[PDB]
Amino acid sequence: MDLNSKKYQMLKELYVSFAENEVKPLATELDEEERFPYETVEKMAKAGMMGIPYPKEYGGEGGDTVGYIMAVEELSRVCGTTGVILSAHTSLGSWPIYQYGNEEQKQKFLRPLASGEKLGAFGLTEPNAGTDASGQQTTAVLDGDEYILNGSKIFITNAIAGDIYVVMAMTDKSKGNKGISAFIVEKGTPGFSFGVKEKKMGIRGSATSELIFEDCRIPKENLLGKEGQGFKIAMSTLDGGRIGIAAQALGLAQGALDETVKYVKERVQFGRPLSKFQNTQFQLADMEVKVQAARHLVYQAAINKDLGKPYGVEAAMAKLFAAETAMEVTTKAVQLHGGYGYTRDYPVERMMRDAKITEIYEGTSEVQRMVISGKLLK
């Protein structure tokens, strides 16, 4: 029910101390070395995270998505790449297996994930099939008591580091999106090979790369859901993840704001600190309102999912609005640091580069607009 309960307070207290002590002083080392944070994954796992909103019987912690989203928010507040490693793991990889996988499947794949012993990833986007998701070109065909997989997925978060991949492929092209099926694919199988980790603008710690399937043989027992269900499985999976990313934006926005408030008080120009000029205040005001506004939209989506009310539109309003809010606020943030903001000794610029992707992936802000307007026009 209520979100100012001491329970959640106590989670937030945990998250903040983990963030400041374990994540914050790695942030830019991962930006500059463009390196995956293996250490803060295993550290993260140990303190419970990596399975926050899954039943204990499957190796998760017994939490709710609100306490999970709280975690993504409080991580991206200090380091955006780390935020996505989690949100991608819990929302994109773990959840479809939790929701659509049977009992054998939830025991062999869902438990290693929820316990933090392994790392999860979701592969849907292809070079010729991005926002138009149904133009999948990777094929799955059933041969004996194995499936054979051929094709490529580009831009997949938590590629190389990840252990379990929830990939989508056409099993009947001649039915469109009623022809996609979803498969659980373990890193190590013959034929499953990786790309080169991409060079990107800001989320440089997150390992993003290509999945390559060359006559890749898979047990038929790895089909997640029914044949042809994959489209709907991926669609509903993204509804959840949009919440994670919206909170990622939120984290970023709130961290960038927290940093400027620190600075604008220390820095004196013209005899008085920067915080004493009407424009820096009014800008801070406009920023805090956008962040607060966004907070409400993010968690109302979460709340909806936990109560099992429908949540896909709610999640899209949170993705659109926090993504924009992240971008505006980080930008105003660097501005307010002045020259020093533009240097990489301070973190605000990295937050600004981090922010931009929150308008793009897990569905672009245009896709969100398509969603919101669609449930409005009938």
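Each residue number is its position in the shown sequence, starting from 1.
- Set 52-60 against 329-337 and average the Cα temperature factors; 52-60 ends up higher.
- When 213-221 is weighed against 87-95, 213-221 comes out higher, by mean CA B-factor as recorded in the entry.
- Across the options 284, 149, 301, 201, the residue with the most elevated CA B-factor in the record is 149.
- The PDB entry assigns the greatest CA B-factor among 115, 279, 248, 82 to 115.
- The deposited CA B-factor of residue 261 belongs to the lowest third of values across its chain.
- In the PDB entry, residue 46 places in the highest third of its chain by CA B-factor.
- Looking at the C-alpha B-factors along this chain, the one for residue 272 belongs to the middle third.
- Ranked against the other modelled residues of its chain, the C-alpha B-factor of residue 290 as given in the entry falls in the lowest third.
- Remark: residue 128 belongs to the middle third of its chain, ranked by C-alpha B-factor as recorded.
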